Amino acid sequence: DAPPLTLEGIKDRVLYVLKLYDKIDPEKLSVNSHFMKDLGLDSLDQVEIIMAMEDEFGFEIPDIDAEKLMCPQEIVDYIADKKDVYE
Amino acid sequence: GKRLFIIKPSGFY
Amino acid sequence: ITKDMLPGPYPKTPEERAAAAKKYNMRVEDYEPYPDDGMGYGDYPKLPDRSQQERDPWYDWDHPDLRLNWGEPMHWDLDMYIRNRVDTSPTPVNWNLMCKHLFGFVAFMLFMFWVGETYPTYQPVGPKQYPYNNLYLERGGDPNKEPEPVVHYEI
Amino acid sequence: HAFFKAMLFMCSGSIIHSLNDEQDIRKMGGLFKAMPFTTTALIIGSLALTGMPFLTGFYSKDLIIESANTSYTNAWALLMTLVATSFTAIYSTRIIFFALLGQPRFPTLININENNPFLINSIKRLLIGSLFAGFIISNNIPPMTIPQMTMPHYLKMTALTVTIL
Amino acid sequence: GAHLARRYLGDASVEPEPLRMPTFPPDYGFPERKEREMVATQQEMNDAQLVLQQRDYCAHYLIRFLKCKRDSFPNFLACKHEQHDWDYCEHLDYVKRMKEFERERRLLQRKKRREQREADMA
Amino acid sequence: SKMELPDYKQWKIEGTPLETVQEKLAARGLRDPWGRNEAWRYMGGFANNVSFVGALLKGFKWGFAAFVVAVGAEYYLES
Amino acid sequence: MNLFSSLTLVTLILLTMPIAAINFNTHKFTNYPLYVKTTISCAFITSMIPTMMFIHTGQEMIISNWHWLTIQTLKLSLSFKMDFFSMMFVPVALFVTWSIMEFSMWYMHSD
Amino acid sequence: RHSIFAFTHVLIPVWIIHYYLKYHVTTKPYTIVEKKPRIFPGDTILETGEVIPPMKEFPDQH
Amino acid sequence: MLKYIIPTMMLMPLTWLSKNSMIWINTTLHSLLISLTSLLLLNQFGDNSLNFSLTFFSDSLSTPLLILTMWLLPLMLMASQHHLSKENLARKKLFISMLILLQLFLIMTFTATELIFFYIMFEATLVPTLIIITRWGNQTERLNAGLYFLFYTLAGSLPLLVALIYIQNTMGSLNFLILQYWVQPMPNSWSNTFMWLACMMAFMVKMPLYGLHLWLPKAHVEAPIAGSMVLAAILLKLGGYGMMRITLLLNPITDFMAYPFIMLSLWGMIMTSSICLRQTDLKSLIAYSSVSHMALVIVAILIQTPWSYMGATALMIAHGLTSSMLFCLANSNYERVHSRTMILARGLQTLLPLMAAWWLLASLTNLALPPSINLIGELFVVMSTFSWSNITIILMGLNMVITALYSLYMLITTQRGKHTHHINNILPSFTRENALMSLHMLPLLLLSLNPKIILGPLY
Amino acid sequence: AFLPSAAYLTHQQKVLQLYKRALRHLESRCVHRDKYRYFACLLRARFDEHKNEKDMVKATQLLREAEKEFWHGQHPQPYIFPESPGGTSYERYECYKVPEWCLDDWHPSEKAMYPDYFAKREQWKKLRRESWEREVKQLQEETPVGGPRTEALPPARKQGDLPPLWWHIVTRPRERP
Amino acid sequence: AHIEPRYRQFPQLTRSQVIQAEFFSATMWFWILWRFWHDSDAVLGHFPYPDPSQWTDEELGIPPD
Amino acid sequence: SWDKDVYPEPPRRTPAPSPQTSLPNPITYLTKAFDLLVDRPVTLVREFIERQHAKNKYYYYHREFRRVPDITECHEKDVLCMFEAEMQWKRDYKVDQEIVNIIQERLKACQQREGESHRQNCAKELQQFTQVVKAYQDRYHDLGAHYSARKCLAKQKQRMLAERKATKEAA
Ligand SMILES: CCCCCCCCCCCCCCCCCC(=O)OC[C@H](COP(=O)([O-])OC[C@H](O)COP(=O)([O-])OC[C@H](COC(=O)CCCCCCCCCCCCCCCCC)OC(=O)CCCCCCCCCCCCCCCCC)OC(=O)CCCCCCCCCCCCCCCCC
Ligand SMILES: CCCCCCCCCCCCCCCCCC(=O)OC[C@H](COP(=O)([O-])OCC[N+](C)(C)C)OC(=O)CCCCCCCCCCCCCCCCC
Ligand SMILES: CCCCCCCCCCCCCCCCCC(=O)OC[C@H](COP(=O)([O-])OCC[N+](C)(C)C)OC(=O)CCCCCCCCCCCCCCCCC
Ligand SMILES: CCCCCCCCCCCCCCCCCC(=O)OC[C@H](COP(=O)(O)OCCN)OC(=O)CCCCCCCCCCCCCCCCC
Ligand SMILES: *C(=O)CCCCCCCCCCCCC
């Protein structure tokens, strides 16, 4: 039960969900793609990205932490900090 | 295999 | 701890009110004491009577279970507004409408059980018939007496 | 009631453990083929709860209705008992519809597994209980009342008709 | 269950009340009506320790069925015929109670038609 | 240790009710962005899940077959 | 009388034995949950014998085995009533509890 | 040592409880009070031998 | 009784001639020897009390109070030796002397054949208690608390002195054994009314009665641990002992004088228990629980039925053990956080599991979990007061709800929940502290096996 | 309302929080994923209708009646994540989150059972107590007069300094001990 | 080998859980059909409910007056 | 054992085993296993212990209290006589308590032994129980917790005055 996450697995699943988003081209996306300035996404789109992260990994990111995740790398780091991976 | 240390109070006493 | 950081009398001059607000670590425009009717509150602040459940749970509190900080002026009933006790949190249905629905449902159910008791259902049969003078010895009748002859017939 | 209700909690908790402590039924579904022994035992438990004929819950609850109708009784209590009997079918198929039927609603890292002989054997023995225990007990016990067995056809078929409705 | 509507939505005058009936003599309408024959002796069902509800006019089939059910252990599926006999005789007692109820209903119809004929007579 | 995810390109929404949702959204000038994220729930082995009477009648065929064999066995056994 | 009452009290004393085991321990166990599950399976097997010999004759009794306290007219004793209700409920509770504990050997395994 | 659980947990408590019931509890009055067994018409008493007479002949119904 | 008074007095040379590091071990050892010797008082008969001399006797009421009293001294010595370790050796010996002297007064308070000697010892118990509270109490308010403790008891008991001397002049004797046979029925008059009040109000204060109980959430709280143990466990029970002695002489006037005070108790146990639901001071919560439990003993003595006396003396012994253990548990956390605020230290089962189990057992015996002698006394008092009036069960039953409510809240506030972050001086439990908890709880649970020795003279 | 860094919620943050709560309570109302997918795109269309409103008075009014809309149309028992506050598994393992200082109070017979762990723990305590005075003098040289205005903490500024007030963030227990 | 977790797809099923589940489902339907074939009266009814109107007045004793 | 007259039991009428089926019940096999494996070793250990009892026989006695003058023939405030009357009264009160306990044990044993026919077959024990409870109530009830022979004699004199006045007003 409860398989342990890694940074590579969290990165793969985060970029996997973001490649499944029709407003993101999967040939431009990297781990450091800022959503508002590199991918050009709206704030509503960033909220939907955080909510897809919540539905993906099964836990809630609060709003004060949702609004400050502006790239996939910070999302992977936040899930790393809240899941204590590479113990 | 990646055994983690369980922090627990002193059960000696 | 010292004397002028302990609660004192009711503030009546505005400088004593400002000293009280500086003591309880809160703003002077936010500081409101209990009304001086003689109930023993003194200068203690009248916080707006919110349960600790209503506090922001995602905040990095000093005391996470109490949802309360260090130096924060506690409510007078902080032992009462813990999450193990009285919750003042907002409910999706109005309180008065909840009381109307609960009281009306319970009163309607009690009235309809009384209606069903006043007019009960039954089966279209006679009484259950028992031999030996309606089982006189079995029900605990004394054998030295003799009951009236209960006789059932065939039909 | 001990058999099938303990088994319904055990099957629900097997679902809860397979879905990483998920207890809300709006994040379940698609567990028909996924947890087939849990599915089988949960369906047998809900059918014993609703009084499927000659499962264990038939051997008491049905007779209860056959005594609740045929007696000098508070009639509002009888009508609310029958509405409760319908509601049992409603929440049982609610459990089966949101937990087993439909499509998945749980998250994407599927760790669905139930292959421990502890889990399988423990639900297995209460499954055999929920099949046969009403028959075994209701034939082995001595009679302590006189069972009311003569009643009209609408009054004999009351519990089953209300459950099917 | 239609008698519920005939007594509640109808009148309670012609309908027999459940708790107090028979309100007529048993000989009123019956020439030479025989009594009910109890088969099991009172000491026999005393020693058979039957429930006081179960000591009705059809307890002898129950005594036979309990003697079978003791004498057939552990084969607990081998006394179905004695149980069927007891269930059939309980059905017969229930039919006799239904006959008493229908007798009371037809006698109250008779008294209603009697008082209506007396009211239209004079 | 390392877990290899399936391909993100295969979860297309053609053949799903996500296709019907995109049609009934594009009928009024909208577009669904998260269809391929939800596309796995309606595809694969989780497609063609049974109905409710199909769920109740699980094992009804084999149970009825064993029933017919046992009724024939007790019909032959009495004679 | 000698079989019925003995296995009746053996069921309860057998259930109290792992409480004495867990209170009188020093070591780390060789699967104490397996020990309690084996104890309750054995208690079900033990309690089925008085239930079967109740199904045979209807044999009921009362084991008022230990006088505890007499408050002037109230003689409270350790008194166990073996009637229809105990004879039917004790094997059902033991069978269900045995299934719940073999469930718990998997469910509460990370605890 | 393969059926030690059948010895220390079944059989030694059966020994202890049977000794305690037989020589300390049954020796005291009304401690183990037992319901007398159910006598049917047609039985025979083991202590006496008096056969209980059977029931009256049935008015056969079916 | 002189086989107990002389060893208790020989405890004074045993503590003043001891080596400086041996003055706890020797007093603990020889006080446990006296407590083992205390079992000879169980030579009780169904008709006659164990009558020793013209000065001392011991029936089945005084015997369990004596055994509890002689048992409580080693437990107080174990409880009070940690926080008095930095104390001067002479004041340490004076503290042990005050405890020994208080035990000495108590053991001949409960065995007083004659009632004015009962009064002299009963008021002699004030002075070591007063000195212990007002000298080794921790906070400022020990002085005021000692004042309230002294002047409620003396104001209640100086009319008791005049009443007892009036009985000596009227009846001729204040021997209890004589007054068993020379008791006259007390008729209805205002003179006999104030006779009743002067005989009863001292013990009403010592129980305490509701409304007169204001000394107790100051005296029990501002005391040290040994002072709180002896005040809760024994010194409240002097009032019940004295009422059970003195209502012999107050019949049939008690049958219509008890009506207000029963109300004051039947409402008081609803109020004080409710006060326990809002106490931030844990030691004050235990104090108001002691008031709530002794209200039942007051009711049971004032309805004066046999079931009520059996339940009241069982409740007195059981509450002595349970309340002493609860004060010792509160001390076991005070010696780690140095505060008595209950909401301060939380989650202590995560850190101290066995001590949390001792809290659990003390809370279950506080809420009268059967078959504890707590429940035996509670239940028998409830039986007798249902016989008194059939409506009292409401005031009983609601109390048995509220008594559960603060007994587990005390368990949930302190032991459960999330632990306090900033408190890091929570040491592991000492062997001494767990020894103290076990020596409270194991006799309490052994008395459930054979409770007839704590059911009084009319078992 | 109540935030550690900001003294308030901006209008943009209030709109985003209403959008997230509206989608979550709608998903609680709309159990199945395709039906929620359809109605969630409709709700996104409703949020994208009044997106470019420049009057802050009119925008605040629209936000206020949208909150009234939401409060009338919320699920009574919404979906809560299990470890989310109000969920079935929230703060479940707090009874196993033993703090680190309890390891300092062990007996030596159970400290010697883990020699490398405590031999490695001593340099953590060493690094902590020689980082402490540097980070305190970092905090008292950077905080303005009148106390810190916000609850935000500075990072480490030198190569060798650890960030100020770091020990109870780094040595907090795991969420699954 | 034990069941390995999968991602966004149907999990690995053991043959054993499928054959156990199908065996107990067939056992349920076998038992229901068996006990409905043999008993058939615990559901539908044991004895016929008589119609009280169909009883003549001669057996119920109603002299026409 | 005990005395069968103070604790009465009717003789056991057990029915003979008349099995009709061909399947053997497990009760006979488990009864034979209980006789072989359990009852015989317990009987052997009890016979060993019984021999060790017989190797040293010694007796305890039932303490007899001779009758002393009761409270009616003791002078008022004469503690030497009325003390002995009070001790006699308290021992008699405790013995009457145990008499009521014996009749309660008879009642409960009759109810359990008769089973479902208890309401008919235990009318005699119920009559004895009602008699002894009425006697214990007229003798000792409502005396209070400070009961004495004086209180009991005063209750008896009040009851006798009531009985005498009821006889006198009805004649
Ligand atoms: C005369 C000879 C007598 C011999 C027999 C003695 C009978 C018992 C006497 C009292 C026993 C108390 C001691 C155990 C509890 C206290 C210590 C403790 O917690 O240790 C934990 C520890 C095991 O746990 P751990 O994992 O190591 O650490 C604990 C964890 O940290 C975490 O802890 P935890 O919370 O997980 O574990 C605590 C757990 C927590 O569980 C509970 O709190 C639940 C209990 C209440 C509900 C269930 C019971 C309800 C009532 C039913 C039972 C009574 C009636 C039954 C009779 C039939 C029906 C009438 O409690 C238990 O496991 C105890 C089981 C037995 C409970 C008995 C009732 C106590 C409840 C409160 C009062 C109730 C009314 C009074 C009853 C009096 C009975 C005699 O046990 C020991 O180390 C035991 C040491 C030896 C104990 C000796 C006790 C007797 C000493 C007397 C000396 C002189 C006489 C000579 C006889 C000596 C016999 C050996
Ligand atoms: C693992 C070790 C097990 C034991 C090893 C040693 C024994 C080995 C086996 C051989 C048996 C030994 C001889 C038999 C035992 C002694 C027999 C005997 O006469 O014993 C004297 C008596 C028998 O009763 P009694 O009636 O003779 O004496 C009672 C005392 N008077 C009359 C004064 C009231 O006591 C016992 O047997 C004590 C043990 C009883 C067992 C049950 C205890 C339950 C405890 C519950 C506490 C709370 C209950 C509250 C509620 C009660 C109900 C309302
Ligand atoms: C803790 C605070 C509360 C304490 C309460 C203490 C009890 C309350 C009542 C006490 C009354 C005073 C003692 C009465 C002793 C009676 C003895 C006796 O023989 O009485 C019959 C005697 C009767 O005289 P006699 O007995 O000689 O008469 C012969 C008999 N006849 C009547 C037939 C002629 O009573 C008295 O003489 C007076 C009794 C009343 C006294 C009133 C004065 C005191 C007022 C109350 C003070 C209460 C405490 C004050 C302090 C409070 C706190 C600061
Ligand atoms: C046969 C007839 C049947 C008749 C049935 C009806 C009669 C009884 C009427 C109802 C009485 C009981 C119900 C009212 C009190 C319920 C109190 C309670 O349980 O509170 C629970 C509350 C926390 O609950 P909750 O918020 O749901 O927890 C999840 C956390 N978010 O927890 C808290 O808030 C903690 C509170 C602690 C202090 C409790 C204070 C209230 C105590 C009330 C005692 C009432 C006694 C009444 C006795 C009557 C006797 C005649
Ligand atoms: C007359 O109706 C007698 C039957 C008992 C009272 C009415 C019960 C009504 C519910 C049972 C029948 C339901 C049919 C759908």
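Residues numbered from 1 in each chain as written, not as in the entry; some residues may be left out. Chains lettered and ligands numbered in written order. Part of a larger assembly, values for the part shown. Heavy atoms only, no water.

As recorded in the entry header, the structure was determined using cryo-EM to a resolution of 2.8 Å.

**As for the overall build of chain D**
Where we set the bar: Under the scheme used here, helices are H or I runs from DSSP no shorter than 4 residues and strands are E runs no shorter than 2 residues, and both carry numbers assigned from the N terminus. Throughout, exposure labels follow a simple rule: accessible area from a 1.4 Å probe, protein chains only, divided by the maximum for the residue type, with under 20% read as buried, over 50% as exposed, and the rest as partly exposed. Residues count as neighbours in contact if any of their non-hydrogen atoms are within 4.5 Å of one another. Method for areas: the Shrake-Rupley scheme with a 1.4 Å probe, in which residue coverage is limited to the protein chains shown. A residue counts as positive if it is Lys or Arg and as negative if it is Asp or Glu; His and the chain ends are not included. Positions of charges follow a simple convention, taking NZ of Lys, CZ of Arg, CG of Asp or CD of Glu.
When helices and strands are counted, chain D shows seven helices and one strand. Starting at the N terminus, the α and β elements of chain D follow one another as α-α-α-α-β-α-α-α. For chain D, the spread of C-alpha atoms along the three principal axes comes to 60 × 35 × 20 Å. When the 165 residues of chain D are sorted by exposure, 64% land in the buried category. Within chain D, counting contacts between residues at least 6 apart in sequence, those at least 24 apart form 80% of the total. If you sum the accessible surface of chain D, you get close to 5,700 Å²; carbon and sulfur atoms cover 72% of it. Across chain D, 10 positive and 6 negative side-chain charges occur, with their mean positions spaced 3 Å apart.

**Regarding the overall build of chain K**
Stated precisely, the cut-off is as follows: With the radius of gyration taken over C-alpha atoms, the globule rule is written as 2.2 Å times the number of residues to the power 0.38.
Along its length, chain K carries two helices and one strand. Shown N-terminal to C-terminal, the secondary structure of chain K runs as helices and strands in the order β-α-α. At 29 Å, chain K has a C-alpha radius of gyration far larger than the 11 Å of a compact globule built from 65 residues. The principal-axis extents of the C-alpha atoms in chain K amount to approximately 90 × 25 × 10 Å. Counting over 65 residues, chain K shows a buried share of 45%. Charged side chains of chain K number 4 positive and 9 negative; the gap between the two group centres comes to 43 Å.

**Description of the arrangement of the chains**
When C-alpha atoms are compared, chain B and chain F, though not in contact, are closest at a spacing of 12 Å. If you take every C-alpha in chain E and every C-alpha in chain I, the smallest gap between them is 34 Å, and the two do not touch.

**Quick notes on the site of ligand 1**
So the rule is basically this: Any residue with at least one heavy atom within 4 Å of a molecule or strand is counted as near it. Under the rule applied, a polar contact is a pair of N or O atoms within 3.5 Å (in protein, one hydrogen donor and one hydrogen acceptor; residues adjacent in sequence only if both atoms are side-chain atoms). Ten residue types, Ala, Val, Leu, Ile, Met, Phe, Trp, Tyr, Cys and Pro, are classed as nonpolar, four, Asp, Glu, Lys and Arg, as charged, and the remainder, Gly among them, as polar.
The environment of ligand 1 is made up of 20 residues, and the closest members are G:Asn23, I:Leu360, I:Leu369, I:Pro371 and I:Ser372. Taken together, the residues near ligand 1 originate from chains G and I. G:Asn23 has a polar backbone atom sitting 3.5 Å from an oxygen atom of ligand 1. The fraction of the free accessible surface of ligand 1 (1,800 Å²) that becomes covered by protein chains is 47%. Elements with a contribution of two residues or more to the shell around ligand 1: helix 1 (2-23) of chain G together with helix 17 (353-366) and helix 20 (431-446) of chain I. Counting residues per element, the shell around ligand 1 draws most heavily on helix 17 of chain I, at seven residues. Taken together, the residues that form the shell around ligand 1 break down as 17 nonpolar, three polar and no charged.

**A short note on the site of ligand 3**
All names here are of chain I. Near ligand 3 you find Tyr152, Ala155, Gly156, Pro159, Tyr166, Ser191, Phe194, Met195, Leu197, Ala198, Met201 and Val205, and these make up its full shell. In the environment of ligand 3, an oxygen atom lies 2.7 Å from a nitrogen or oxygen atom belonging to the side chain of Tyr166. When ligand 3 sits alone it has 1,100 Å² of accessible area, and the protein chains cover 44% of it. Going through the elements one at a time, helix 7 (142-170) and helix 9 (190-206) are the ones with two or more residues in the shell around ligand 3. In terms of residue count, the dominant contributor to the shell around ligand 3 is helix 9 (seven residues). Of the residues contributing to the shell around ligand 3, the split by class is 10 nonpolar, two polar and no charged.

**Quick look at helix 3 (residues 60-71) of chain E**
Note the cut-off: In this analysis, the expected span of each helix is defined as 1.5 Å times one less than the number of residues it contains.
In this model, helix 3 of chain E (12 residues) spans 16 Å end to end at C-alpha, consistent with the 16 Å of a helix rising 1.5 Å per residue. Most of helix 3 of chain E sits inside the fold, with 11 of its 12 residues counted as buried. Taken residue by residue, helix 3 of chain E has E:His60, E:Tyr61, E:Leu62, E:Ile63, E:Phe65, E:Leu66, E:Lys67, E:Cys68, E:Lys69, E:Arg70 and E:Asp71 as its buried positions. Along its buried surface, helix 3 of chain E packs onto helix 5 (117-140) of chain D, helix 2 (42-47) and helix 4 (80-121) of chain E together with helix 2 (32-57) of chain G.

**Some remarks on the environment of J:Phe70**
All names here are of chain J. With respect to the helices and strands, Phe70 occurs in helix 3 (residues 56-72). Once the C-alpha coordinates of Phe70 and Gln140 are considered, the two residues, 70 residues apart in sequence, prove to be 46 Å apart. Those residues in contact with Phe70 that lie beyond four places of it in its chain are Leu18, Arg21, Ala22 and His25.

**What about the pattern of salt bridges?**
Spelled out, the test is: One side-chain nitrogen of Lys or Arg within 4 Å of one carboxyl oxygen of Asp or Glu is enough to make a salt bridge.
Counting across every chain of the model gives 76 salt bridges over all chains. Close ionic contact of A:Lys23 with A:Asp45 constitutes a salt bridge, the shortest N to O distance being 3.6 Å. In this pair, A:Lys23 sits in the loop between helix 1 (7-19) and helix 2 (43-57) while A:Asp45 sits in helix 2, placing the two residues 22 residues apart along the sequence. One connected set of salt bridges, linked through shared partners, spans A:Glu54, A:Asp55, A:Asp63, D:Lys27, F:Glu38, F:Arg41, J:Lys20, J:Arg24, J:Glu27 and J:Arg33.

**Some remarks on the environment of J:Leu139**
Residue and element names in this part refer to chain J. Here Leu139 is to be found in helix 5 (residues 115-142). What makes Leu139 buried here is its relative accessible area of 18%. Those residues in contact with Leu139 that sit more than four places away from it in its chain are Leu153, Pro154, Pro164 and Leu165.

**A closer look at the interface of chain L and chain E**
Quite often, the size of an interface is put as the accessible area lost when its parts meet. Applicable threshold: Note on terms: buried area is the combined drop in 1.4 Å-probe accessible area of two parts once they are placed together, counting the loss on both.
With 18 residues of chain L in contact, the opposing surface of chain E contributes 13 residues. Considering only the side of chain L, the residues that lose the most area to chain E are L:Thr21, L:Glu116 and L:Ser117, jointly responsible for 34% of the buried surface there. Remark: the boundary between chain L and chain E carries one salt bridge. Linking L:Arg13 and E:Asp47 is a salt bridge whose minimum nitrogen-to-oxygen distance equals 3.4 Å. Put simply, the parts of the chain that give the side of chain L that touches chain E at least two residues each are helix 1 (26-54), helix 2 (79-114) and helix 3 (118-121) of chain L. At three residues, the largest contribution of residues to the side of chain L that touches chain E is made by helix 3 of chain L. Class assignment for the residues of the side of chain L that touches chain E results in six nonpolar, seven polar and five charged.

**Regarding the interface of chain K and chain D**
Put simply, the rule reads: Following DSSP output, two strands are said to pair if at least two bridges run between them.
Counting residues at the interface gives 32 residues for chain K, matched by 36 residues for chain D. In total, chain K and chain D occlude about 3,100 Å² of area from one another, counting both sides; carbon and sulfur atoms represent 72% of this. Considering only the side of chain K, the residues that lose the most area to chain D are K:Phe24, K:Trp31 and K:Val43, jointly responsible for 21% of the buried surface there. Remark: the boundary between chain K and chain D carries zero salt bridges. The tally of links from chain K across to chain D stands at eight residue pairs in polar contact. Every element with two or more residues in the side of chain K that touches chain D is listed here: strand 1 (6-7) and helix 1 (15-38) of chain K. Residue contributions to the side of chain K that touches chain D peak at 13 residues, all from helix 1 of chain K. Here the residues of the side of chain K that touches chain D sort into 19 nonpolar, eight polar and five charged. The sheet contact formed by strand 1 (residues 109-110) of chain D and strand 1 of chain K spans two bridges and is antiparallel. Each bridged residue has a counterpart across the sheet, and for D:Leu109 the counterpart in strand 1 of chain K is K:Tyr7.

**Quick notes on the sheet that holds strand 1 (residues 32-34) of chain H**
For clarity, the threshold we go by: Fitting a line to C-alpha atoms yields each axis, with helices limited to the stretch in contact; the angle taken between N-to-C directions then spans 0 to 180 degrees.
In space, the three strands of this open sheet follow the order 2(G)-1(G)-1(H), with antiparallel pairing throughout. Edge positions in the open sheet fall to strand 2 (74-82) of chain G together with strand 1 of chain H, since each of these has one partner strand only. In this sheet, adjacent strand axes meet at a mean angle of 30° when their direction is disregarded. Pairing between strand 1 (residues 61-71) of chain G and strand 1 of chain H: three bridges, direction antiparallel. The partner of G:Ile62 across the bridge, within strand 1 of chain H, is H:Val33. Here helix 1 of chain G sits on the sheet in contact with strand 1 and strand 2 of chain G together with strand 1 of chain H, set at roughly 65° to strand 1 of chain G.

**Side note on the packing of helix 3 (residues 62-80) of chain I against helix 20 of chain I**
All names here are of chain I. To be explicit about the condition: Here is the rule for angles: anything less than 35 degrees is roughly parallel, anything more than 145 is roughly antiparallel, 65 through 115 is roughly perpendicular, and the remaining ranges are oblique. Crossings are classed by handedness, with left-handed meaning an anticlockwise turn of the near helix from the far one by less than a right angle and right-handed meaning a clockwise turn.
Running from N to C, helix 3 and helix 20 cross one another at 160°; their axes reach a closest spacing of 9 Å. Considering the angle they form, helix 3 stands roughly antiparallel to helix 20. Helix-helix and strand crossings are classified by hand; for helix 3 and helix 20 the assignment is left-handed. Only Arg432, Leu436, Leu439, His440 and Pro443 of helix 20 make contact with helix 3, whose side of the interface consists of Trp71, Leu75, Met78 and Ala79. The residue makeup of the contact of helix 3 with helix 20, split by class, is seven nonpolar, one polar and one charged.

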